[PDB]
Structures are given as structure tokens and as C-alpha cells.
Amino acid sequence: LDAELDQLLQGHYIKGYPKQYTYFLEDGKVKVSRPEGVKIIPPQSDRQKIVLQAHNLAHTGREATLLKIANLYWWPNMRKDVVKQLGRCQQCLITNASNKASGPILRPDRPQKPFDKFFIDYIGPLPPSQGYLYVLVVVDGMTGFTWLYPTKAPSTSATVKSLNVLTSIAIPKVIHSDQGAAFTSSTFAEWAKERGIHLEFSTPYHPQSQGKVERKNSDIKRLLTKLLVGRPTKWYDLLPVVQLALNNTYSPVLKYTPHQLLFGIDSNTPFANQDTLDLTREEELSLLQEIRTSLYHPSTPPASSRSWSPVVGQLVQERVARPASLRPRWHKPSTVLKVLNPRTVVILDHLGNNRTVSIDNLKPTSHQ
Amino acid sequence: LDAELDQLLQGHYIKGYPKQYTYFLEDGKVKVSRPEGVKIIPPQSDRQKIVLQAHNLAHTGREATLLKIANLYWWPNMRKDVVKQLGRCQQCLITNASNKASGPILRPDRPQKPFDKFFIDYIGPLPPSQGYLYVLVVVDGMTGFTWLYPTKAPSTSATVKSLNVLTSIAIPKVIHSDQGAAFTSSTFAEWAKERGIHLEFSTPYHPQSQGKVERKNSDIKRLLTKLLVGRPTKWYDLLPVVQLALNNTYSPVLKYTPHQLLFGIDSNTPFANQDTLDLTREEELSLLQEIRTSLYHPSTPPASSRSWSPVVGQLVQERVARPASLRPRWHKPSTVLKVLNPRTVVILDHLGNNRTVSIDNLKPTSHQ
Amino acid sequence: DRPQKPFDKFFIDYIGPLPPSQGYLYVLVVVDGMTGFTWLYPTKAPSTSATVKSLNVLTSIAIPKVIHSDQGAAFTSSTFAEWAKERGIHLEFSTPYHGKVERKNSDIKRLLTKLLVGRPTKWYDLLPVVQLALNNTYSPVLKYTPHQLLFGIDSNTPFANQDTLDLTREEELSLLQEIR
Amino acid sequence: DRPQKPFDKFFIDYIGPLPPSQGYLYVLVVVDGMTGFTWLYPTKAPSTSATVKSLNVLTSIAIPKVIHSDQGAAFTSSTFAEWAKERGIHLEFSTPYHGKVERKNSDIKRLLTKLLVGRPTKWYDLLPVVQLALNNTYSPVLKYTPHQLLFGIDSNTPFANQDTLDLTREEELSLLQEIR
DNA sequence: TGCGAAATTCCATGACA
DNA sequence: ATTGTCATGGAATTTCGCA
DNA sequence: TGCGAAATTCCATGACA
DNA sequence: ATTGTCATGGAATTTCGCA
Ligand SMILES: CCN1C[C@H](C)n2c(c(O)c3c(=O)n(Cc4ccc(F)c(Cl)c4)nc(C(=O)NC)c32)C1=O
Ligand SMILES: CCN1C[C@H](C)n2c(c(O)c3c(=O)n(Cc4ccc(F)c(Cl)c4)nc(C(=O)NC)c32)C1=O
Ligand SMILES: [Mg+2]
Ligand SMILES: [Mg+2]
Ligand SMILES: [Mg+2]
Ligand SMILES: [Mg+2]
Ligand SMILES: [Mg+2]
Ligand SMILES: [Mg+2]
Ligand SMILES: [N+]
Ligand SMILES: [N+]
Ligand SMILES: [Zn+2]
Ligand SMILES: [Zn+2]
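Residues numbered from 1 in each chain as written, not as in the entry; some residues may be left out. Chains lettered and ligands numbered in written order. Heavy atoms only, no water. Residues with missing side-chain atoms left out of burial classes, pairs and counts.

- Method of structure determination, per the deposited record: X-ray crystallography was used for this entry, reaching 2.6800 Å resolution.

And the structure:
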């Protein structure tokens, strides 16, 4: 403060104030002759209020703030004081964008068997057809085999009606969904428990986690689109056609159709494959087990040069899901409790609840 | 046809049919013993109908189509016949996604002087404040200096009222806009002509072309957001504050505020710069001209490995702007007349109109 | 001759009229020959129309090379023949008035009969568990269940409780009451 | 002493009452001392309130170190003083009852007077062209126009047609009619 | 004529309907 | 007939202060 | 034992509210 | 308490047919 600047004026040395410049008094203010010009050295107990005034002009970050301040002042380690404020500006922390990328995606193992894992999701609303508005899409994780059901609503009640029909064929170990109202209702949870099916949920607002079903939705819409060109969009009657078409389409990387992976033999559909005509069913099922274990598995891609990785105890901010106009895109800071894996974390929010969350919906709070 | 397959059966050589395999007759169909198994060689006049039937199952591309066909048949050069069909499937051509990236962006020269070029654009609707719903944003190209006007509508009439106030200060050579209704009306065009202002329009649905103003919109919303945290969103009264704040904020890359670039001297605003206090105005204006010519200019980035470049005479497809549900995302093919530059082309649409269009809204029609 | 396979032959047949359950009266029974897998569809009538709606659902999952039925009116109709022809399914009829499939069909009747007593009206809801039972039932002749044969894997719902399937004295007495 | 600069001093003053144009009666005149640049704002009244609305617009573009006025009621009000203090603008009053700026102010009056005859009611629409004229007018004393001095460049609207600014015999006769 | 640390520059990231 | 841009904060690089 | 061309594999691009 | 995916069509690479 005014104590320290007394010492400096008479010609003593103070830590941080390079001895080799001329420090003088003028209009009751301590000044210094810097290469850029004369600047005022405010007392230490003045410095916070100065940094704040500068920052608040436009809520600028480090360098834009510094450049204003440096117009009138000099002191030792200005940017340290600049950064200290930026890390305490609530509006900046919750409004500004992140500038660090998530770590590279995981590629989970393919479910080992048909019926180990189902991924499910709604599509719509689409244009009314026969008074239906949505599709329930169910995709078996191992095979890619897909069931399609038209609904009037993305409701539990419709989901239960639909799965009751599908589960006639087989009961799956796990059903994976996103956190849509239909799948998180307790009516659904009961239905699952009744049948020893385990429910697994994606982290919120992260459809990649359900990538298999989401990617099937695309193909479903793409085929429906092609088939409807130049006609009115009456899709209801086409759903079964699309179902059969896709389940019998080859994935060029795998060289198999979902149907093949599910049954080990084509049914009576166009261009059916005849390669196992001479094997017994037992021999056919044996070769199927071999094919199922040796399918291509993609490996996690290289990290971008400016990715960040969650550490326990770190301050991080959840992305706001449906930000209103002129409202921040980020919630208040919170703390990483557990790192489930390099892409998923548990956070304590400030409220403070435990929230399981995708690294893609986080940014690491700047300036510690 | 049946002529060619007669020759083949008796043991002759025909071009494309490798002589070293055994070609036989069975159930009235010519067959061959291939490493993968016995396959039927359909007659040439049969082959189109076969490729079509295969493709139509799910409207599959090259390899997924081929794999079906190869289940029953062999002939010479199957994929040639496969590709020939894919290039004639109207539904595939207008529905499928592109898989080639545009060439790297251009970085146009900064306008040389204030008032050479204005970029203008609307923001909104925002929440009602004082019964206003939009902002007119005007950004001078050389300086970044920005004018903000609240409007009830993104209308010509409001735009004219606003520019009448701004043009009090100075008349610009050119005003650049996007093709919003307000800027393309003839009422506007007249207003421009009256004053010898040239109107320049972006290619449709390509806001990058107006990158300067679009990027200012972001900062405008960002500051408004910070200032409104924890209050109702009454922004009207804040517009002038935001205007002044931004115009006086430093760009760290440039080391100047828009105000500085426009005037060559700070006005009476917080942390005003004092470096030219001892120069005359004439000396100050002289140094300003020097600063204005030596500003950082970014250079066009490296091309992605799978970019494409428009050639005159090439078939290309315009992106559909507001595709309805279950409707193709691409228009019918059209022809490149002129290549204005590596990122902008003139196309003849089929109707056939001349359309000036951004390479980012084109894909090159596959399979020639 | 080639070894027998799934989807080589579907054996179809009707069961009913039954006590109305949710406005349904019949069950279309579909049984794959090779695997012995069973698909059940509730209908309102043994008509070509209801057969066509129901098989339309199944054949959107797998298409048989051949369907086999008796000479029921629903199956011998020219509409049903046009339907099968469209789909490239050959139709096969046993002659009028006369073991894997047959034992399966018998189980289905016997298993229904067992569960539609005390509740002759709640069978519509039960169809899915009926099928799971049928399809995860040990086959005396082959080592495997139908599920196993169709998918090449163990099932997540094994029916270890092979039941009696026979009527107790209570069920016997009050199945005689239901038709009295 | 430092050389004089833009935004060092704004000279403000009212002109009116004028023939009502779009419900406006006055013009607030703002002139930068150093450059001679002019900003005009139409008001309904020479009140502190209208001054405050109008300058609020201007000071959202540039803020003067000092505003200079005569001792008009609008400018000597304590409200206007609080306003200036908020903005860090020092206020300066000439004493009651007594050349760059003065010649400028005179031109403004003379130029208005010329254009508000034959159309004493369409001046609101004309304010923007009035300003462009004033700001792109050659300065006898300095080589440059105000635009040139404020922005350091040539303008896109040069007024090569330095006009008469004097009233012809027609204008003279029918300006005497307008007040008769 | 080289050290440690502070300043400055670099530049990927993301958002402008 | 036209065309991306630039605030941001860690990381990388240069400069400073001192010897 | 090496050539030209056909087949197959590679893989960036983009879209799943 | 959980986690991207995969059809697509030019380009790159391998294999084929023949000698
Ligand atoms: C209400 C519960 N809920 C939450 C959000 C709304 N959500 C739900 C979805 O089914 C989707 C969806 O399919 N896509 C499309 C998309 C985009 C990028 C991708 F990488 C992938 Cl794989 C998919 N996006 C979203 C979303 O999160 N938008 C912001 C989404 C859902 O049901
Ligand atoms: C109706 C005339 N019209 C056409 C389209 C609607 N448009 C107009 C705009 O002002 C914007 C706009 O600001 N952004 C945001 C944006 C997105 C990415 C970027 F790189 C940048 Cl620089 C800006 N997008 C679109 C748009 O084209 N959405 C599909 C847009 C406009 O007025
Ligand atoms: Mg969903
Ligand atoms: Mg989804
Ligand atoms: Mg716009
Ligand atoms: Mg815009
Ligand atoms: Mg019968
Ligand atoms: Mg006066
Ligand atoms: N995994
Ligand atoms: N340029
Ligand atoms: Zn802030
Ligand atoms: Zn097609």
C-alpha cells in the first residue's frame, strides 16, 4: 500500500519493482518512466478495484482487460491480478464458451450375444400418418437387428405395448435408453423388473451414448425419405417394409446383414445367401458363433491437441440443456466426485446433488 | 445376351470371361464354378433388371448392392453396372449425404477504409423489451466499429429508419447483407441507389459470407447475457451500453479497439489511451493511416484430405434450405456455368435459372 | 438332399373360438418346422383378412420358403394365394380329413387350456409368456430348445420349471362348471 | 500545452422553435471544437430531459471531455449536472449575455433557413443531408473538412457544389409571406 | 551470455438463427 | 452475380532483469 | 515375376431432434 | 450411476489373369 510506495520513492529496493527505472511523485501519485511511457503505480489496496473496473467495461478476458489497464497503470505482475478477478466473475464463468475439447471417444465392446443389450429411442414427431406421430425404434446391440413400432406418443404406455410384442420372441438382459420421459417413468421400471430386464440410462442430453440406435434412426429416415419422393408422406404402411429392408442390408465393413448375425441364415428374401446350404443347422450355428466373435472393432481415435481430462476434485461446469434467450449456456461450477471413465464423471452440483454426466457436457472452470 | 453365352458354353473365349474356369448349363441357366461357389451368369439383357432389383431393396450404395447381387450371380465387371444404376437413381442422388468436404475458406482483404464496406444483419426475435423484438446490427468492415438499433420487426421500413440515422455521420460505398426479406426488397434498393450506396448480397443461407457481422452478433449477445444474469431480460435500455462497451474493447490480435481504428484517438471513456497526447492531430492521423495498413491478416487454412473443387460443366446439387420432414435434403442435379472463385459458383438449375451459390451448399453429383 | 433349416417351412393353423379376450377370439399359430419355434397372433376371425394382417407382421421379420396348412377356408382363398405369390412363398396343403410340429401344436392347446381356467378371459395378455415357455422348452428328440436352434445361443429366460401341464382335480371340476 | 483534439470539447446549443416537423420543434446542435464536426438531434423541447435523451445517443458513440454551452435553462439544471458527472464530463458555461465553432453555428442556421422555405415543414427528413453537407464542407482556416479531420480519410460524399447559401429574390419575398 | 520468471505471442475451440 | 471471423485462456516462445 | 486392370479395402464425411 | 456409430463413394492397396 502507501507504506510500500514510500520506501520506493526514496530509492530503496522492493521485491518486484525493477530497481533500474526512475520512480517519481507527481500530482500526489507515484509514477514510473516505462519504455511505453509514464504510468501510475497505484497502491496495492487500490489494485483490485482497478482490475474490476477495467474487466466490467465489456466483461473482457485476460489480454483485453490487461490492455485497458496498461493504458494508465503499471505494477508488478498485473496479469496475476487480472486472472484472479476473471476466476471470480460469476457472469464470465457461466456465459463464456469453453476452448478445450473433450478427450477422444470410447468405443465400447460390442455386446457378445443377441439379446444381451437393446438400445431404444423415439423418432418424431413426423407428419401424421393413420393418426400416428412417432416411431419406437429398438436395436439389438450385437446384431444391429431392428424392430419398428408406430406410436401416437413417445409414452411409457405405448412403449410397454410395443415391448410386450417384441419380448414375445425373447427377453433381453439389458435395455439401454436416453432419459426421455417414457423410459424413466416408474411404470416402465416396474415393467422391466417384472421380467428381470436391467434398465441402463445414457448421461443426459448425450445421444452419442446410444450411438447404435441413433445411427439406425438416420437409415430409417433416409429410406423412408427415398420411398416417399413425389408422394404424400404416408409412412405408417411403409414401416414394416423399412424394417425388413434394413435388417437384410449388408454393412460393407462387416460383410453381414443384421439378419445373418441374428439367425445365421437368410430367410426367403431377395438375393438370399446360399453358402451354407450343405451344412447342417448344427454346423451352421457353429460357424455363426465364429463369425460373431471375429467382427471388426473400431479403436478410439487420436486426442485433439487441446483436450482436457477430468480429475477428481476439479471444478467443472455442466452445460445448460435448453438455455433460454439471453441466458447463460453454463451452470455454476461444481466438483468432480468420481471419474467413472475418461468420458463420464459424477459431479456434486452446489445444491448439492450427484449427477452422472458426459464429459462433452462439461467444461473445466477457467483460472482455477 | 443368349448369343454370347452360347459361344461360352462350347468352350470358346469371350472378352472378360476368364478362360480358366468351368462354365456349364443347369436348369436352363449358364453357371460358373467360382472360388466362392457356383454362381449364375445372367444374359447381358437381363443384367440391368437384376441390379435394379438389388438396389431397390433398401436403396443401397455400391458395396451393399454388390454383396446382394454376388449372392446369386457372377458376370464380368459387376460394379460398373452397379455404379451405372446408382448414378441414375433419382431418390438416392437427392437424399444421400455428401462425403466430400468443401475447399478451404477464403479470407478476403479487410476493407481499406472506414465506410468502404458495411456488413448488416438482424438478431432475434429476442424476448420483448419496451415492445421491441430485434436488433439491427451494422458493422464497418475496416474498423469493426458497430452500430446497434432496436426494432419491432426485421423490416425494410425499420432498416431505412435506422440507416437514415447512421448515414447522418457518413455514407458508405457498399452495404453487404444476407438475403433476408428486409435487404432484398426494392424499397431498400431504391434507398441505396438514391445515395449511391452499392448493395452486395451473400450467397443464400451462408452466414459465413458475412462473418464480421455474424461474429459481432455473438459478442453482442454474450455481453447482453452477462449483464442480464439474475434480472429479467430487459435489454432495450442496455443496447447503447453494449454498443459503447464493444466499440471500446481491444482485440488482442490487433491491439486496437474499433474506436481507435475509426478515430485514431480514444474519447473520454474509462482507461482511455494517452500515447498520442503530444502529437498534433495531423501527426495522429498520419500514424493512424500507418496502423490501418499494417493490421494482421489471416491466411487461408490447409485443405481437408477429401475436399472437392467445382469445375465448369460439372453436375452439382444445391442443398435444400428448409427441408420438410421426410423430404430430401438436396435438390435435383444442376450444372456449373461459371466458377467466380474456388468457393462460389453460378449454377443452371434445370428450371433453368442462374443461381449464385456457395460451395458449402453444394455437393458434386456422385457416379458422374 | 439339403439338411432342413429355419424358414424352410412354417406350419400355420387356427385355434378358437375362444372366450373373448380384449375382443379377440382366435389364435393364429405359426410354427417353424426345423426349429420348432412358435409365433402366436390373436385374431377376431379365422378369415383370410386376419391371416393376412398377422402374417404381414411376421414376414416383416422372416419369410418362409413354404407355408403349410390344412384346407381351412382362410388358407385356400384366392386372396391368400395372391398374397403368398407376391411374397414368393409356395403354399402347401395337407389333404382333407387327415411328429415334431404335431407335438408342439398339442402342447400349445394343452398349455392354453391350462391357463385359461380360473381366468378364461385374460389370455390375450398371456400370449407373450406362452410363447417364451414354448420356445424355451427342452426338445426330447433334439438336445436343444427352439430358441437355441433359431439364434444359436442360450436364452435369458430358461424354463427350468418344466410344469405338469395336466389338469388338477380343482381345475378339472371347475372347467366342467365353466361349460355348465 | 497539448495540441487540441477531437472529443476535447463539444459545443452544444438549441435552435428553435421551428415550424413543427413530425412533432419536433427544436434542433440540438453539437459541434466538436477541434474538428468542427456537427451532430444534429431534433427535440420537442429545449428541456434537460430532451437534451439528456439526445446526448445519451451521441455519448454512446463518443464521450467529450468537456461540454460547453451558454446558460440555457436545459444546461444549467442540476439534473443535467448530475448527468454529466455520471459520465465524467466537465461542464463549461460562457458568461450571460456574451471563431471556428461560431462560423459553423452560423452556417447551420443559414443553411436551415435556406432549406425550410418552400417547405418549412419537411426539415426533420433533411437533417441527415444537412449534416453531411456541414461535415464535408471545405474549411478556409484548415486544409481539411471535418470528416477528414475526424476519420483521417476522404469522404464518399464530397460536396464539390459549395452553394450560395444566400436567399434569392423569390425566397426572400416568400419568406416574408410565410410570416405575414 | 546464461539463468528463472514474467510478458507476450500463438492458436485450437466454439458460436454467430 | 462473389468470398468466415475473432474473443478466449492454457501452452509455447520471447524478452526482461540481473549478473 | 511382372504387367494392366479389376476387386477389395480404406477411411473422411456427415447426420442420427 | 457409465461409454458414438456406420452407409457412403472416391482413392489406395491388393489380387487376379495371363504370360
Ligand atoms: C428428451 C430426452 N432426449 C434428450 C435430447 C433432446 N435428445 C434425445 C434424442 O433422442 C436425441 C437425438 O436423437 N439427437 C440427435 C443427435 C445429435 C448428435 C448425435 F451425435 C447423435 Cl447420435 C444424435 N439429439 C438430441 C439432443 O440432445 N439434442 C440437443 C436428442 C432425447 O430423447
Ligand atoms: C432469412 C435469411 N437468412 C438465412 C439464414 C436463415 N440465416 C440468416 C442469418 O442471419 C443467419 C445466421 O446468423 N446463422 C447463424 C450462423 C451459423 C453458422 C455460421 F458460421 C455463422 Cl457466421 C452464423 N445462421 C443462419 C442459417 O443459414 N441457418 C441455417 C442464418 C438470415 O437472415
Ligand atoms: Mg430420444
Ligand atoms: Mg434420438
Ligand atoms: Mg440474417
Ligand atoms: Mg445472422
Ligand atoms: Mg385348422
Ligand atoms: Mg442557446
Ligand atoms: N466395454
Ligand atoms: N479480396
Ligand atoms: Zn466478467
Ligand atoms: Zn436408390
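Here the narrative resumes.
1. Overview of the coordination of the magnesium ion (ligand 3)
Residues and elements named next belong to chain A.
Reasoning step 1: For the magnesium ion (ligand 3), the full set of protein donor atoms is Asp121 (OD) and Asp178 (OD), and the range of their distances to it is 2.1 to 2.2 Å.
Reasoning step 2: The magnesium ion (ligand 4) is placed at 3.7 Å from the magnesium ion (ligand 3), the two being bridged by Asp121. With a gap of 57 residues between them, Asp121 in strand β4 (residues 117-123) and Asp178 in the loop between β7 (174-177) and α7 (181-184) connect regions that are remote in the sequence.
Reasoning step 3: Relative accessible area serves as the criterion here: at 21%, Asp178 is assigned to the partly exposed category. (Donors = N, O, S within 2.8 Å, 3.2 Å for Na, K, Ca; no water. Helix = DSSP H or I, 4+ residues; strand = E, 2+ residues; numbered from the N terminus. Buried < 20%, exposed > 50% of the residue type's maximum accessible area, 1.4 Å probe, protein only.)

2. A closer look at the interface of chain A and chain B
Reasoning step 1: At the interface, 55 residues of chain A touch 55 residues of chain B.
Reasoning step 2: It is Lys226, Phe271 and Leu326 of chain A in chain A that bury the most area against chain B; as a group they hold 21% of the surface buried on that side.
Reasoning step 3: For the interface between chain A and chain B, the tally reads zero salt bridges.
Reasoning step 4: Counting every contact that joins chain A to chain B gives 20 residue pairs in polar contact.
Reasoning step 5: Those elements that provide at least two residues to the side of chain A that touches chain B are α2 (47-56), α3 (62-69), α5 (90-95), α9 (211-228) and α10 (239-247) of chain A.
Reasoning step 6: Among the elements that make up the side of chain A that touches chain B, the one with the highest residue count is α9 of chain A (eight residues).
Reasoning step 7: Across the side of chain A that touches chain B, the residue classes break down as 29 nonpolar, 15 polar and eleven charged. (Contact = heavy atoms within 4.5 Å. Buried area = accessible area lost by both parts, 1.4 Å probe. Salt bridge = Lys/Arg side-chain N within 4 Å of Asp/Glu carboxyl O. Polar contact = N/O pair within 3.5 Å; in protein donor to acceptor, adjacent residues only side chain to side chain. Nonpolar A, V, L, I, M, F, W, Y, C, P; charged D, E, K, R; others polar.)

3. Details of the coordination of the zinc ion (ligand 12)
All names here are of chain B.
Reasoning step 1: Looking at the zinc ion (ligand 12), one finds its protein donor set to be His55 (NE2), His59 (ND1), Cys89 (SG) and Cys92 (SG), positioned 1.9 to 2.3 Å from the metal centre.
Reasoning step 2: Because the angles between the four donor atoms bound to the zinc ion (ligand 12) fall within 98 to 118°, the donor set is best described as tetrahedral.
Reasoning step 3: Expressed as a motif, the donor residue spacing for the zinc ion (ligand 12) is H-x3-H-x29-C-x2-C. With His55 in helix α2 (residues 47-56) and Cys89 in the loop between α4 (78-86) and α5 (90-95), the pair connects residues that are 34 residues apart, well separated along the chain. (Tetrahedral: all angles 85-135°; square planar, octahedral: opposite > 155°, others 65-115°.)

4. Notes on unusual backbone geometry
Reasoning step 1: With an omega of 0°, the peptide bond between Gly124 of chain A and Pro125 of chain A qualifies as cis.
Reasoning step 2: Mapped onto the secondary structure, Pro125 of chain A falls in the loop between β4 and β5 (134-140).
Reasoning step 3: Residues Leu351 of chain B and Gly352 of chain B are joined by a peptide bond in cis, for which omega reads -5°.
Reasoning step 4: For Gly352 of chain B, the position within the fold is in the loop between β11 (344-348) and β12 (354-358).
Reasoning step 5: Of note, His59 of chain B is a non-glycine position whose phi angle comes to about 55°, a positive value.
Reasoning step 6: Tracing the backbone shows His59 of chain B in the loop between α2 and α3 (62-69).
Reasoning step 7: Unusually for a residue other than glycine, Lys255 of chain B sits at a positive phi of about 60°.
Reasoning step 8: Along the chain, the position of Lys255 of chain B falls in the loop between α10 (239-247) and α11 (258-263).

5. Here's the deal with the sheet that holds strand β3 (residues 37-40) of chain A
Residue and element names in this part refer to chain A.
Reasoning step 1: Spatial ordering of the open sheet is given by β1-β2-β3, a layout of three strands whose pairing is antiparallel. The open sheet is flanked by β1 (23-26) and β3, the only strands paired with a single partner. Across this sheet, the average inter-strand angle for adjacent strands is 35°, counted without regard to direction.
Reasoning step 2: Bridge count between β1 and strand β2 (residues 29-34): four bridges; the pairing is antiparallel. Each bridged residue has a counterpart across the sheet, and for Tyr23 the counterpart in β2 is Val32.
Reasoning step 3: In the packing of helix α1 (residues 2-10) onto the sheet, contacts are made with β1 and β2, and the angle to β1 comes to roughly 110°. (Pairing = 2+ DSSP bridges. Axes fitted to C-alpha atoms, helices over the stretch in contact; angles between N-to-C directions.)

6. Overview of the pattern of salt bridges
Reasoning step 1: Under the definition given, this model contains 38 salt bridges over all chains.
Reasoning step 2: Across the pair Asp219 of chain A and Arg222 of chain A runs a salt bridge whose closest N-O atoms are separated by 3.1 Å. Placement of both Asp219 of chain A and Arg222 of chain A in helix α9 is noted, with a separation of three residues, approximately one turn of the helix.
Reasoning step 3: Overall, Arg222 of chain A belongs to the partly exposed group, its relative accessible area being 33%.
Reasoning step 4: For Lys143 of chain C, the salt bridge identified is with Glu282 of chain A, shortest N-O distance 3.5 Å. Of this pair, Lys143 of chain C sits in the loop between α5 (123-135) and α6 (146-151) while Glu282 of chain A is found in helix α12 (residues 281-293), placing the two residues in two different chains.
Reasoning step 5: Looking at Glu282 of chain A, the relative accessible area reads 46%, which means it is partly exposed.
Reasoning step 6: Within this structure, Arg62, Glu63 and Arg79 of chain A form a network of salt bridges that share partners.

7. Describing the interface of chain C and chain A
Reasoning step 1: With 33 residues of chain C at the contact, the number on the chain A side is 36 residues.
Reasoning step 2: Roughly 2800 Å² of surface becomes buried between chain C and chain A when both sides are summed, with 60% attributable to carbon and sulfur atoms.
Reasoning step 3: Across the contact surface, chain C and chain A share three salt bridges.
Reasoning step 4: Applying the counting criterion to the chain C and chain A interface returns 15 residue pairs in polar contact.
Reasoning step 5: Residue assignment for the side of chain C that touches chain A shows that the elements contributing at least two residues are α5 and α6 of chain C.
Reasoning step 6: Per-element accounting of the side of chain C that touches chain A gives the leading share, five residues, to α6 of chain C.
Reasoning step 7: In terms of residue class, the side of chain C that touches chain A is built from 18 nonpolar, ten polar and five charged.

8. Notes on the protein's contact with DNA strand E
Reasoning step 1: Close contacts around DNA strand E come from 17 residues, with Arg79, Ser304 and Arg306 of chain A together with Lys221 and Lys255 of chain B the closest.
Reasoning step 2: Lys80 of chain A is positioned with one of its side-chain polar atoms (N or O) 3.3 Å from a phosphate oxygen of DNA strand E.
Reasoning step 3: One nitrogen or oxygen atom from the side chain of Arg306 of chain A is found 2.7 Å from a base oxygen belonging to DNA strand E.
Reasoning step 4: Residue assignment for the surface near DNA strand E shows that the elements contributing at least two residues are α3 and α4 (78-86) of chain A together with α9 (211-228) of chain B. (Near = heavy atom within 4 Å.)

9. Considering the protein's contact with DNA strand H
Reasoning step 1: By nearness alone, 41 residues border DNA strand H, and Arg215 and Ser251 of chain A together with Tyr21, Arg62 and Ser366 of chain B come closest of all.
Reasoning step 2: Counting only the atoms of DNA strand H that lie within 4 Å of the protein, the sugar and phosphate share comes to 63%.
Reasoning step 3: The backbone of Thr203 of chain A places a nitrogen or oxygen atom 2.8 Å from a phosphate oxygen of DNA strand H.
Reasoning step 4: Between DNA strand H and the protein, one listed contact pairs a phosphate oxygen with a side-chain N or O atom of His367 of chain B at 2.9 Å.
Reasoning step 5: Every element with two or more residues in the surface near DNA strand H is listed here: β8 (198-201), α9 and β10 (330-341) of chain A together with α3 of chain B.

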